[PDB]
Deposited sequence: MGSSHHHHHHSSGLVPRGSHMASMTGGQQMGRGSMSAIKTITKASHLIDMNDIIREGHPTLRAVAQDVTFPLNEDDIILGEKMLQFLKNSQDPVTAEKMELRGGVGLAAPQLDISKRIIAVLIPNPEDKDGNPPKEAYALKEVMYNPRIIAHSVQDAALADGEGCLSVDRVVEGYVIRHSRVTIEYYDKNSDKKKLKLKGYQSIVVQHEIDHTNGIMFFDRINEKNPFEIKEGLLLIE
């Protein structure tokens, strides 16, 4: 059976062996739109992705399952070429009353509006699919508005800034065959063009 019929089995927990790595053709393919109302595979696929991000963020399940920690994940990294992403972003400590800043599976997500202003994480970016070091500022839009459908096949619109905007952009890129290192300037990886906001 397919990566999707396999991952959606009730017994299946997503781990690192389900995540394909830089070099695999499916990471460079343009993902397929999902059709609505959502089939149950697409629905379970999303719950599994969010459960993987929980697992990967919990010290005890992570070390035991041998997971590398994450806050976003996209179906193409599971060798399922569909426009599906999961984001699971914890609220900052200073330990929060509400666990997560953003927790969402997005179907056919796309940027319909973005700020002129660019931004990048100061510490660069990483990817579960990238098993090497790639240093440099990954240049993104500071703010974005996304159109997407939720698990209820309901059309949503959401405005994002800072850290969550970066994450969502990262994951949407996967659905378009684009890897973070594509947005690093190879000439000077730590070049700051005027205007660039760094997220420290």
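Note down, first to last, the deposited-sequence stretches for which the model contains no C-alpha atom.
According to the deposited record, C-alpha coordinates are absent for 1-34, 129-132, which together make up the missing parts.
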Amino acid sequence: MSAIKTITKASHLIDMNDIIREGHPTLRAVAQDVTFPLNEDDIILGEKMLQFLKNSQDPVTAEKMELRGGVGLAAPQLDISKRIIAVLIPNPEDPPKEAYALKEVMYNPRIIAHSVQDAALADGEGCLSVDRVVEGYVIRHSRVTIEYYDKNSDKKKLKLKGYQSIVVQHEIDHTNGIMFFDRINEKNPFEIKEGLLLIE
From here on, numbers count along this sequence of modelled residues.
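Using only the Cα atoms and their B-factors as the entry lists them, report which of 168-176 and 23-31 averages higher.
Comparing 168-176 with 23-31, the higher average CA B-factor belongs to 23-31.
Given the B-factors recorded for C-alpha atoms, which segment has the greater mean, 85-93 or 118-126?
Mean B over CA atoms: larger for 85-93.
Should residue 140 be placed in the lowest, middle or highest third of its chain by the C-alpha B factor in the entry?
Lowest third - that is where residue 140 ends up once the chain's C-alpha B-factors are sorted.
Place residue 147 in the lowest, middle or highest third of its chain's C-alpha B-factors, as listed in the PDB entry.
Within its chain, residue 147 is a lowest-third residue by C-alpha B-factor, going by the deposited values.
What third of the chain does residue 71 rank in for C-alpha temperature factor, lowest, middle or highest?
Its C-alpha B-factor belongs to the middle third of this chain's values.
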